[PDB]
file input.cif (mmCIF, C-alpha atoms; chains and numbers go by the auth columns)
data_protein
loop_
_atom_site.group_PDB
_atom_site.id
_atom_site.type_symbol
_atom_site.label_atom_id
_atom_site.label_comp_id
_atom_site.label_asym_id
_atom_site.label_seq_id
_atom_site.Cartn_x
_atom_site.Cartn_y
_atom_site.Cartn_z
_atom_site.B_iso_or_equiv
_atom_site.auth_seq_id
_atom_site.auth_asym_id
ATOM 1 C CA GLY A 1 -50.507 39.737 -28.955 0.00 541 A
ATOM 2 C CA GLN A 2 -48.211 36.745 -29.385 0.00 542 A
ATOM 3 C CA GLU A 3 -45.383 34.936 -27.597 0.00 543 A
ATOM 4 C CA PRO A 4 -45.945 36.492 -24.146 0.00 544 A
ATOM 5 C CA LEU A 5 -43.324 36.727 -21.399 0.00 545 A
ATOM 6 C CA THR A 6 -42.086 33.386 -20.067 0.00 546 A
ATOM 7 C CA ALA A 7 -39.981 32.315 -17.087 0.00 547 A
ATOM 8 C CA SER A 8 -37.895 30.362 -19.598 0.00 548 A
ATOM 9 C CA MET A 9 -36.480 33.541 -21.132 0.00 549 A
ATOM 10 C CA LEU A 10 -35.078 34.413 -17.705 0.00 550 A
ATOM 11 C CA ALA A 11 -34.286 30.799 -16.825 0.00 551 A
ATOM 12 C CA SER A 12 -31.751 30.543 -19.650 0.00 552 A
ATOM 13 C CA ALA A 13 -30.317 33.976 -18.862 0.00 553 A
ATOM 14 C CA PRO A 14 -27.990 35.635 -16.315 0.00 554 A
ATOM 15 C CA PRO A 15 -29.121 37.460 -13.148 0.00 555 A
ATOM 16 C CA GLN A 16 -28.444 40.727 -14.974 0.00 556 A
ATOM 17 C CA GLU A 17 -30.411 40.256 -18.195 0.00 557 A
ATOM 18 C CA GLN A 18 -33.340 39.251 -15.987 0.00 558 A
ATOM 19 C CA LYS A 19 -34.308 42.667 -14.625 0.00 559 A
ATOM 20 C CA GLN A 20 -33.288 44.041 -18.023 0.00 560 A
ATOM 21 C CA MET A 21 -35.676 42.025 -20.191 0.00 561 A
ATOM 22 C CA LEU A 22 -38.335 41.629 -17.501 0.00 562 A
ATOM 23 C CA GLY A 23 -38.275 45.280 -16.477 0.00 563 A
ATOM 24 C CA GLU A 24 -38.115 46.322 -20.123 0.00 564 A
ATOM 25 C CA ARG A 25 -41.248 44.326 -20.942 0.00 565 A
ATOM 26 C CA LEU A 26 -42.948 45.384 -17.706 0.00 566 A
ATOM 27 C CA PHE A 27 -42.197 49.041 -18.437 0.00 567 A
ATOM 28 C CA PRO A 28 -44.921 49.269 -21.115 0.00 568 A
ATOM 29 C CA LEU A 29 -47.194 46.716 -19.444 0.00 569 A
ATOM 30 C CA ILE A 30 -47.472 49.130 -16.519 0.00 570 A
ATOM 31 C CA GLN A 31 -48.180 52.094 -18.795 0.00 571 A
ATOM 32 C CA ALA A 32 -51.507 50.375 -19.460 0.00 572 A
ATOM 33 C CA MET A 33 -52.739 52.057 -16.279 0.00 573 A
ATOM 34 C CA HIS A 34 -49.862 54.357 -15.327 0.00 574 A
ATOM 35 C CA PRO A 35 -48.120 55.560 -18.517 0.00 575 A
ATOM 36 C CA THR A 36 -46.604 58.364 -16.443 0.00 576 A
ATOM 37 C CA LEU A 37 -45.293 56.663 -13.303 0.00 577 A
ATOM 38 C CA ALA A 38 -44.704 53.489 -15.314 0.00 578 A
ATOM 39 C CA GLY A 39 -40.998 54.078 -14.775 0.00 579 A
ATOM 40 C CA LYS A 40 -40.790 54.309 -10.991 0.00 580 A
ATOM 41 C CA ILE A 41 -43.478 51.627 -10.778 0.00 581 A
ATOM 42 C CA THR A 42 -41.570 49.038 -12.807 0.00 582 A
ATOM 43 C CA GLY A 43 -38.443 50.081 -10.933 0.00 583 A
ATOM 44 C CA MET A 44 -39.608 49.234 -7.420 0.00 584 A
ATOM 45 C CA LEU A 45 -41.591 46.231 -8.655 0.00 585 A
ATOM 46 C CA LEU A 46 -38.430 45.008 -10.382 0.00 586 A
ATOM 47 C CA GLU A 47 -36.419 45.474 -7.187 0.00 587 A
ATOM 48 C CA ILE A 48 -38.531 43.427 -4.777 0.00 588 A
ATOM 49 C CA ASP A 49 -37.958 40.268 -6.817 0.00 589 A
ATOM 50 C CA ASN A 50 -38.310 39.577 -10.541 0.00 590 A
ATOM 51 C CA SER A 51 -39.309 35.985 -9.783 0.00 591 A
ATOM 52 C CA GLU A 52 -42.265 37.259 -7.757 0.00 592 A
ATOM 53 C CA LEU A 53 -43.350 39.419 -10.695 0.00 593 A
ATOM 54 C CA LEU A 54 -43.289 36.409 -13.020 0.00 594 A
ATOM 55 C CA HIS A 55 -45.943 34.939 -10.725 0.00 595 A
ATOM 56 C CA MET A 56 -47.737 38.182 -9.870 0.00 596 A
ATOM 57 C CA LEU A 57 -48.155 39.432 -13.439 0.00 597 A
ATOM 58 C CA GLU A 58 -50.335 36.355 -13.939 0.00 598 A
ATOM 59 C CA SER A 59 -53.066 37.803 -11.722 0.00 599 A
ATOM 60 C CA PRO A 60 -55.292 40.915 -11.714 0.00 600 A
ATOM 61 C CA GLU A 61 -55.528 41.293 -7.937 0.00 601 A
ATOM 62 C CA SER A 62 -51.725 41.196 -7.976 0.00 602 A
ATOM 63 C CA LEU A 63 -50.838 43.363 -10.975 0.00 603 A
ATOM 64 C CA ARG A 64 -53.256 46.162 -10.087 0.00 604 A
ATOM 65 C CA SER A 65 -52.138 45.786 -6.470 0.00 605 A
ATOM 66 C CA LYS A 66 -48.456 46.322 -7.260 0.00 606 A
ATOM 67 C CA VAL A 67 -49.024 49.234 -9.642 0.00 607 A
ATOM 68 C CA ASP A 68 -51.400 50.909 -7.191 0.00 608 A
ATOM 69 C CA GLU A 69 -49.052 50.399 -4.242 0.00 609 A
ATOM 70 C CA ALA A 70 -46.043 51.740 -6.142 0.00 610 A
ATOM 71 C CA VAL A 71 -47.850 54.860 -7.353 0.00 611 A
ATOM 72 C CA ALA A 72 -49.053 55.435 -3.793 0.00 612 A
ATOM 73 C CA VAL A 73 -45.465 55.220 -2.547 0.00 613 A
ATOM 74 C CA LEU A 74 -44.237 57.831 -5.023 0.00 614 A
ATOM 75 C CA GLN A 75 -46.869 60.135 -3.530 0.00 615 A
ATOM 76 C CA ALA A 76 -44.239 60.976 -0.914 0.00 616 A
ATOM 77 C CA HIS A 77 -41.505 61.761 -3.441 0.00 617 A
ATOM 78 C CA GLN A 78 -43.400 63.270 -6.374 0.00 618 A
ATOM 79 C CA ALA A 79 -46.329 62.566 -8.697 0.00 619 A
ATOM 80 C CA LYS A 80 -45.575 64.368 -11.961 0.00 620 A
ATOM 81 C CA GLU A 81 -42.750 66.636 -10.804 0.00 621 A
ATOM 82 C CA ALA A 82 -45.245 69.473 -10.367 0.00 622 A
ATOM 83 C CA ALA A 83 -44.745 70.062 -6.644 0.00 623 A
ATOM 84 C CA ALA B 1 -45.346 44.839 -1.415 0.00 64 B
ATOM 85 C CA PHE B 2 -44.370 43.227 1.889 0.00 65 B
ATOM 86 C CA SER B 3 -46.379 44.500 4.858 0.00 66 B
ATOM 87 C CA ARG B 4 -47.947 47.709 3.549 0.00 67 B
ATOM 88 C CA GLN B 5 -45.742 50.306 1.857 0.00 68 B
ATOM 89 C CA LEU B 6 -42.417 49.978 0.039 0.00 69 B
ATOM 90 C CA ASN B 7 -39.328 52.111 -0.581 0.00 70 B
ATOM 91 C CA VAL B 8 -39.344 54.733 -3.338 0.00 71 B
ATOM 92 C CA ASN B 9 -35.570 55.199 -3.284 0.00 72 B
ATOM 93 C CA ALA B 10 -35.289 51.737 -4.834 0.00 73 B
ATOM 94 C CA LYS B 11 -33.393 52.223 -8.094 0.00 74 B
ATOM 95 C CA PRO B 12 -35.175 51.440 -11.390 0.00 75 B
ATOM 96 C CA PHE B 13 -33.242 48.807 -13.339 0.00 76 B
ATOM 97 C CA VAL B 14 -30.596 48.162 -15.995 0.00 77 B
ATOM 98 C CA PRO B 15 -32.197 49.141 -19.330 0.00 78 B
ATOM 99 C CA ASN B 16 -30.577 48.884 -22.762 0.00 79 B
ATOM 100 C CA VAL B 17 -30.413 52.626 -23.432 0.00 80 B
ATOM 101 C CA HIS B 18 -26.986 54.078 -24.213 0.00 81 B
ATOM 102 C CA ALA B 19 -27.190 56.803 -26.860 0.00 82 B
#

call {"tool": "encode", "arguments": {"input": "input.cif", "output": "structure tokens"}}
result
Amino acid sequence: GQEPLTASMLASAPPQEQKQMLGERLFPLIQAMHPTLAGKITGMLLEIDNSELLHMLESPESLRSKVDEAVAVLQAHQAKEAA
Amino acid sequence: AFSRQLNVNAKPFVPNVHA
């Protein structure tokens, strides 16, 4: 919509606020395709390395790849807590 | 994520939700 995420926001911030802001903004961004597993998805994706996400979120083959992978991983734990 | 699959036990993050 306006004023999208920028590496600057994290550049002028601590190593804690990073995952906070980034993950917080990525939470909804993931819901675009997985509004259910958006949580776990953003969680693992935020663990690997926030920096990587700041460069992966700028690509379709990457974004969809991460989301898909994550969701696939949760397949072992639980999908919608209905098992 | 790295080679094929990743860990699901990986904690989420540090949100700003208290109450």

call {"tool": "closest_residue", "arguments": {"input": "input.cif", "among": "A:545, A:588, A:581, A:550", "to": "residue A:608", "atoms": "all atoms listed in the file"}}
result
A:581

call {"tool": "closest_atom_pairs", "arguments": {"input": "input.cif", "of": "chain A", "to": "chain B", "cutoff": "12 Å", "atoms": "all atoms listed in the file", "output": "tab-separated table"}}
result
residue	atom	partner	partner_atom	distance
A:555	CA	B:77	CA	11.2
A:556	CA	B:77	CA	7.8
A:557	CA	B:77	CA	8.2
A:558	CA	B:77	CA	9.3
A:559	CA	B:76	CA	6.4
A:560	CA	B:77	CA	5.3
A:561	CA	B:78	CA	8.0
A:562	CA	B:76	CA	9.7
A:563	CA	B:76	CA	6.9
A:564	CA	B:78	CA	6.6
A:565	CA	B:78	CA	10.4
A:566	CA	B:76	CA	11.2
A:567	CA	B:78	CA	10.0
A:577	CA	B:75	CA	11.5
A:578	CA	B:75	CA	10.5
A:579	CA	B:75	CA	7.2
A:580	CA	B:75	CA	6.3
A:581	CA	B:75	CA	8.3
A:582	CA	B:75	CA	7.0
A:583	CA	B:75	CA	3.6
A:584	CA	B:73	CA	5.6
A:585	CA	B:64	CA	8.3
A:586	CA	B:76	CA	7.1
A:587	CA	B:73	CA	6.8
A:588	CA	B:64	CA	7.7
A:589	CA	B:64	CA	10.2
A:590	CA	B:76	CA	10.9
A:592	CA	B:64	CA	10.4
A:593	CA	B:64	CA	10.9
A:596	CA	B:64	CA	11.0
A:602	CA	B:64	CA	9.8
A:603	CA	B:64	CA	11.1
A:604	CA	B:64	CA	11.8
A:605	CA	B:64	CA	8.5
A:606	CA	B:64	CA	6.8
A:607	CA	B:64	CA	10.0
A:608	CA	B:64	CA	10.3
A:609	CA	B:68	CA	6.9
A:610	CA	B:69	CA	7.4
A:611	CA	B:71	CA	9.4
A:612	CA	B:68	CA	8.3
A:613	CA	B:71	CA	6.2
A:614	CA	B:71	CA	6.0
A:615	CA	B:71	CA	9.3
A:616	CA	B:71	CA	8.3
A:617	CA	B:71	CA	7.4
A:618	CA	B:71	CA	9.9
A:619	CA	B:71	CA	11.8

call {"tool": "atom_distance", "arguments": {"input": "input.cif", "atom1": "atom CA of residue A:622", "atom2": "atom CA of residue A:575"}}
result
16.4 Å

call {"tool": "atom_distance", "arguments": {"input": "input.cif", "atom1": "atom CA of residue A:569", "atom2": "atom CA of residue A:544"}}
result
11.3 Å

call {"tool": "atom_distance", "arguments": {"input": "input.cif", "atom1": "atom CA of residue A:576", "atom2": "atom CA of residue A:542"}}
result
25.2 Å

call {"tool": "decode", "arguments": {"input": "input.cif", "residues": "stretch 576-609 of chain A", "atoms": "N, CA, C and O atoms", "output": "PDB file, in the first residue's frame"}}
result
ATOM      1  N   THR A 576      -3.752 -19.567   8.022  1.00  0.00           N
ATOM      2  CA  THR A 576      -3.898 -20.495   9.136  1.00  0.00           C
ATOM      3  C   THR A 576      -2.543 -20.841   9.745  1.00  0.00           C
ATOM      4  O   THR A 576      -2.329 -20.670  10.946  1.00  0.00           O
ATOM      5  N   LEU A 577      -1.632 -21.328   8.911  1.00  0.00           N
ATOM      6  CA  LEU A 577      -0.296 -21.698   9.367  1.00  0.00           C
ATOM      7  C   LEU A 577       0.651 -20.504   9.303  1.00  0.00           C
ATOM      8  O   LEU A 577       1.859 -20.647   9.489  1.00  0.00           O
ATOM      9  N   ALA A 578       0.094 -19.327   9.037  1.00  0.00           N
ATOM     10  CA  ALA A 578       0.889 -18.108   8.953  1.00  0.00           C
ATOM     11  C   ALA A 578       1.813 -17.970  10.157  1.00  0.00           C
ATOM     12  O   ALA A 578       2.936 -17.481  10.038  1.00  0.00           O
ATOM     13  N   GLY A 579       1.334 -18.405  11.319  1.00  0.00           N
ATOM     14  CA  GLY A 579       2.131 -18.320  12.528  1.00  0.00           C
ATOM     15  C   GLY A 579       3.399 -19.147  12.446  1.00  0.00           C
ATOM     16  O   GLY A 579       4.501 -18.602  12.372  1.00  0.00           O
ATOM     17  N   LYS A 580       3.245 -20.466  12.461  1.00  0.00           N
ATOM     18  CA  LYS A 580       4.386 -21.371  12.388  1.00  0.00           C
ATOM     19  C   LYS A 580       5.293 -21.009  11.217  1.00  0.00           C
ATOM     20  O   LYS A 580       6.519 -21.028  11.340  1.00  0.00           O
ATOM     21  N   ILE A 581       4.685 -20.680  10.083  1.00  0.00           N
ATOM     22  CA  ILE A 581       5.438 -20.311   8.891  1.00  0.00           C
ATOM     23  C   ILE A 581       6.405 -19.169   9.184  1.00  0.00           C
ATOM     24  O   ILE A 581       7.619 -19.315   9.038  1.00  0.00           O
ATOM     25  N   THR A 582       5.860 -18.030   9.599  1.00  0.00           N
ATOM     26  CA  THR A 582       6.673 -16.862   9.912  1.00  0.00           C
ATOM     27  C   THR A 582       7.685 -17.176  11.008  1.00  0.00           C
ATOM     28  O   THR A 582       8.768 -16.593  11.052  1.00  0.00           O
ATOM     29  N   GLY A 583       7.327 -18.103  11.891  1.00  0.00           N
ATOM     30  CA  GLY A 583       8.217 -18.478  12.975  1.00  0.00           C
ATOM     31  C   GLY A 583       9.511 -19.090  12.477  1.00  0.00           C
ATOM     32  O   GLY A 583      10.595 -18.579  12.758  1.00  0.00           O
ATOM     33  N   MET A 584       9.399 -20.188  11.737  1.00  0.00           N
ATOM     34  CA  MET A 584      10.570 -20.871  11.199  1.00  0.00           C
ATOM     35  C   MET A 584      11.331 -19.966  10.235  1.00  0.00           C
ATOM     36  O   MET A 584      12.560 -19.890  10.278  1.00  0.00           O
ATOM     37  N   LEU A 585      10.594 -19.281   9.367  1.00  0.00           N
ATOM     38  CA  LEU A 585      11.201 -18.381   8.392  1.00  0.00           C
ATOM     39  C   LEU A 585      11.953 -17.252   9.088  1.00  0.00           C
ATOM     40  O   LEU A 585      12.939 -16.732   8.563  1.00  0.00           O
ATOM     41  N   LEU A 586      11.483 -16.876  10.272  1.00  0.00           N
ATOM     42  CA  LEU A 586      12.113 -15.809  11.042  1.00  0.00           C
ATOM     43  C   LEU A 586      13.325 -16.332  11.806  1.00  0.00           C
ATOM     44  O   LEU A 586      14.195 -15.561  12.210  1.00  0.00           O
ATOM     45  N   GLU A 587      13.374 -17.645  12.001  1.00  0.00           N
ATOM     46  CA  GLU A 587      14.481 -18.271  12.716  1.00  0.00           C
ATOM     47  C   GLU A 587      15.713 -18.379  11.824  1.00  0.00           C
ATOM     48  O   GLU A 587      16.783 -17.872  12.162  1.00  0.00           O
ATOM     49  N   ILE A 588      15.555 -19.043  10.684  1.00  0.00           N
ATOM     50  CA  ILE A 588      16.654 -19.217   9.743  1.00  0.00           C
ATOM     51  C   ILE A 588      17.576 -18.004   9.745  1.00  0.00           C
ATOM     52  O   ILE A 588      18.755 -18.106  10.085  1.00  0.00           O
ATOM     53  N   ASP A 589      17.032 -16.853   9.364  1.00  0.00           N
ATOM     54  CA  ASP A 589      17.805 -15.617   9.324  1.00  0.00           C
ATOM     55  C   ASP A 589      16.975 -14.476   8.742  1.00  0.00           C
ATOM     56  O   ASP A 589      16.639 -14.482   7.560  1.00  0.00           O
ATOM     57  N   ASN A 590      16.649 -13.500   9.583  1.00  0.00           N
ATOM     58  CA  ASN A 590      15.858 -12.354   9.153  1.00  0.00           C
ATOM     59  C   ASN A 590      16.466 -11.707   7.912  1.00  0.00           C
ATOM     60  O   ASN A 590      15.760 -11.391   6.955  1.00  0.00           O
ATOM     61  N   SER A 591      17.782 -11.515   7.936  1.00  0.00           N
ATOM     62  CA  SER A 591      18.486 -10.904   6.814  1.00  0.00           C
ATOM     63  C   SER A 591      18.125 -11.597   5.504  1.00  0.00           C
ATOM     64  O   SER A 591      17.854 -10.942   4.499  1.00  0.00           O
ATOM     65  N   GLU A 592      18.123 -12.926   5.526  1.00  0.00           N
ATOM     66  CA  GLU A 592      17.796 -13.708   4.339  1.00  0.00           C
ATOM     67  C   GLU A 592      16.384 -13.394   3.853  1.00  0.00           C
ATOM     68  O   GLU A 592      16.132 -13.321   2.650  1.00  0.00           O
ATOM     69  N   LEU A 593      15.467 -13.212   4.796  1.00  0.00           N
ATOM     70  CA  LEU A 593      14.079 -12.907   4.466  1.00  0.00           C
ATOM     71  C   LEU A 593      13.969 -11.550   3.778  1.00  0.00           C
ATOM     72  O   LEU A 593      13.174 -11.374   2.854  1.00  0.00           O
ATOM     73  N   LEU A 594      14.772 -10.595   4.233  1.00  0.00           N
ATOM     74  CA  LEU A 594      14.767  -9.254   3.660  1.00  0.00           C
ATOM     75  C   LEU A 594      15.197  -9.284   2.197  1.00  0.00           C
ATOM     76  O   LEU A 594      14.974  -8.329   1.453  1.00  0.00           O
ATOM     77  N   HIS A 595      15.813 -10.389   1.790  1.00  0.00           N
ATOM     78  CA  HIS A 595      16.272 -10.547   0.414  1.00  0.00           C
ATOM     79  C   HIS A 595      15.446 -11.601  -0.317  1.00  0.00           C
ATOM     80  O   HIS A 595      15.464 -11.674  -1.545  1.00  0.00           O
ATOM     81  N   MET A 596      14.724 -12.415   0.447  1.00  0.00           N
ATOM     82  CA  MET A 596      13.893 -13.464  -0.130  1.00  0.00           C
ATOM     83  C   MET A 596      12.479 -12.954  -0.395  1.00  0.00           C
ATOM     84  O   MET A 596      11.841 -13.345  -1.373  1.00  0.00           O
ATOM     85  N   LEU A 597      11.998 -12.081   0.482  1.00  0.00           N
ATOM     86  CA  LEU A 597      10.659 -11.516   0.343  1.00  0.00           C
ATOM     87  C   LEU A 597      10.549 -10.681  -0.928  1.00  0.00           C
ATOM     88  O   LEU A 597       9.452 -10.323  -1.354  1.00  0.00           O
ATOM     89  N   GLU A 598      11.695 -10.376  -1.530  1.00  0.00           N
ATOM     90  CA  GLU A 598      11.727  -9.583  -2.754  1.00  0.00           C
ATOM     91  C   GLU A 598      11.769 -10.485  -3.985  1.00  0.00           C
ATOM     92  O   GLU A 598      12.355 -10.129  -5.006  1.00  0.00           O
ATOM     93  N   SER A 599      11.144 -11.653  -3.877  1.00  0.00           N
ATOM     94  CA  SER A 599      11.114 -12.607  -4.979  1.00  0.00           C
ATOM     95  C   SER A 599       9.983 -13.614  -4.794  1.00  0.00           C
ATOM     96  O   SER A 599       9.747 -14.128  -3.700  1.00  0.00           O
ATOM     97  N   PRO A 600       9.265 -13.905  -5.890  1.00  0.00           N
ATOM     98  CA  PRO A 600       8.148 -14.853  -5.875  1.00  0.00           C
ATOM     99  C   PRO A 600       8.611 -16.292  -5.678  1.00  0.00           C
ATOM    100  O   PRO A 600       8.078 -17.014  -4.836  1.00  0.00           O
ATOM    101  N   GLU A 601       9.605 -16.702  -6.459  1.00  0.00           N
ATOM    102  CA  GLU A 601      10.139 -18.056  -6.369  1.00  0.00           C
ATOM    103  C   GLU A 601      10.694 -18.330  -4.975  1.00  0.00           C
ATOM    104  O   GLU A 601      10.850 -19.482  -4.573  1.00  0.00           O
ATOM    105  N   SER A 602      10.993 -17.261  -4.242  1.00  0.00           N
ATOM    106  CA  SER A 602      11.536 -17.385  -2.895  1.00  0.00           C
ATOM    107  C   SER A 602      10.417 -17.394  -1.857  1.00  0.00           C
ATOM    108  O   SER A 602      10.307 -18.321  -1.054  1.00  0.00           O
ATOM    109  N   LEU A 603       9.590 -16.355  -1.881  1.00  0.00           N
ATOM    110  CA  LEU A 603       8.478 -16.240  -0.942  1.00  0.00           C
ATOM    111  C   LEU A 603       7.632 -17.509  -0.945  1.00  0.00           C
ATOM    112  O   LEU A 603       7.516 -18.192   0.073  1.00  0.00           O
ATOM    113  N   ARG A 604       7.043 -17.821  -2.095  1.00  0.00           N
ATOM    114  CA  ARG A 604       6.209 -19.008  -2.229  1.00  0.00           C
ATOM    115  C   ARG A 604       6.971 -20.260  -1.804  1.00  0.00           C
ATOM    116  O   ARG A 604       6.394 -21.184  -1.232  1.00  0.00           O
ATOM    117  N   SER A 605       8.269 -20.280  -2.087  1.00  0.00           N
ATOM    118  CA  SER A 605       9.109 -21.420  -1.738  1.00  0.00           C
ATOM    119  C   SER A 605       9.167 -21.608  -0.225  1.00  0.00           C
ATOM    120  O   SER A 605       8.947 -22.706   0.286  1.00  0.00           O
ATOM    121  N   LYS A 606       9.468 -20.528   0.488  1.00  0.00           N
ATOM    122  CA  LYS A 606       9.556 -20.570   1.943  1.00  0.00           C
ATOM    123  C   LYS A 606       8.229 -21.007   2.556  1.00  0.00           C
ATOM    124  O   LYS A 606       8.168 -21.992   3.291  1.00  0.00           O
ATOM    125  N   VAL A 607       7.168 -20.268   2.245  1.00  0.00           N
ATOM    126  CA  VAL A 607       5.841 -20.581   2.764  1.00  0.00           C
ATOM    127  C   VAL A 607       5.490 -22.046   2.527  1.00  0.00           C
ATOM    128  O   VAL A 607       5.093 -22.757   3.449  1.00  0.00           O
ATOM    129  N   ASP A 608       5.640 -22.491   1.284  1.00  0.00           N
ATOM    130  CA  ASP A 608       5.340 -23.872   0.925  1.00  0.00           C
ATOM    131  C   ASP A 608       6.156 -24.842   1.773  1.00  0.00           C
ATOM    132  O   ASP A 608       5.607 -25.758   2.385  1.00  0.00           O
ATOM    133  N   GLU A 609       7.468 -24.636   1.803  1.00  0.00           N
ATOM    134  CA  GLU A 609       8.359 -25.495   2.575  1.00  0.00           C
ATOM    135  C   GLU A 609       7.904 -25.584   4.028  1.00  0.00           C
ATOM    136  O   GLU A 609       7.699 -26.676   4.559  1.00  0.00           O
TER     137      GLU A 609
END
